[PDB]
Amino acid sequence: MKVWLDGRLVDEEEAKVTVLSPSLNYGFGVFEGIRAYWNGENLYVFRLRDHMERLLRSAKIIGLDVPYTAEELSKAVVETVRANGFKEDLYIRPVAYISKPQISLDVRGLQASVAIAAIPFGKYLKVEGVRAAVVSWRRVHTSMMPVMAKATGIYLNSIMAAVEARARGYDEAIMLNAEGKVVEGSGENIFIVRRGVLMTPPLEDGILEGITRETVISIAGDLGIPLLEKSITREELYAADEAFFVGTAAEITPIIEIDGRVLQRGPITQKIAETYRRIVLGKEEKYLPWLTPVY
């Protein structure tokens, strides 16, 4: 019920933007998604700095001036959670946007506001596995929108995918890029396992560089699971020994069906999903530097 907004905690109901904002009207903003986990002993924010660092990278990429440092945004999160006394699982949404009414597309020199909402949050995707479908919509291409930024207007594309998959009776979309390579869910990175090797599409194929994908790559290297950042085709998805989605909201979600073709809820996925939970729960000493305690 308290939300941070430009350096102040305000009630939920005052964290609002004019309807003439070019952020609303032109998809001109950036956002982030950050989890905090309650383990019974504390509340820990997962990879806080890395997210706020990417928030600012996203802004720089789309030419939005965010007048806060990653440290002051990081501090604001913790202060936003303390203000509300939350001792439970949360999703945290920072969003950067223009506060002023403006009809002109010329946004040079404008200065973003940032708001930080923390809300109680369970599971995005079914933990025992989802049914996925390749959609008709392709991922917006680097030549038209800067897709490595988590920029707000891009997610129209993501919405068309998420809705198509869902109206068609599946749990989540898979999007192919302009060249036809599997790249992303609607908000998720994607991993396959092919003969004991983990594959995820490289930065250049049009993906957003996920922090949960990054954690997955570290987990792999700890576990000695050979991993490649390599383009994935539909056919390799269809023929996968295992497949899974990753993201802040999704966590580690097995994909047990692609376009009607059943996939094993496999062992590589289970080992990653298990170790990711131990990590966020603060049960792996080595990865404690990524947990920010709130109390």
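Numbers follow the displayed sequence, beginning with 1.
In this entry, 194 to 202 has the higher mean Cα B-factor, the comparison being between 146 to 154 and 194 to 202. Comparing 38 to 46 with 22 to 30, the stretch with the higher mean C-alpha B-factor in the PDB entry is 38 to 46. Among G185, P94, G210, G129, the highest C-alpha B-factor recorded in the PDB entry belongs to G129. For the set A162, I119, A115, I219, the PDB entry puts the maximum C-alpha B factor at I119. In this PDB entry, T80 carries a Cα temperature factor that places it within the middle third of its chain's modelled residues. Compared with the other modelled residues of the chain, the Cα B-factor recorded for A239 ranks in the middle third. Sorting the modelled residues of the chain by their CA temperature factor places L9 in the highest third.
The PDB entry assigns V262 a C-alpha temperature factor belonging to the highest third of its chain's modelled residues. Annotation for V134: CA B-factor lies in the lowest third of the chain's modelled residues.
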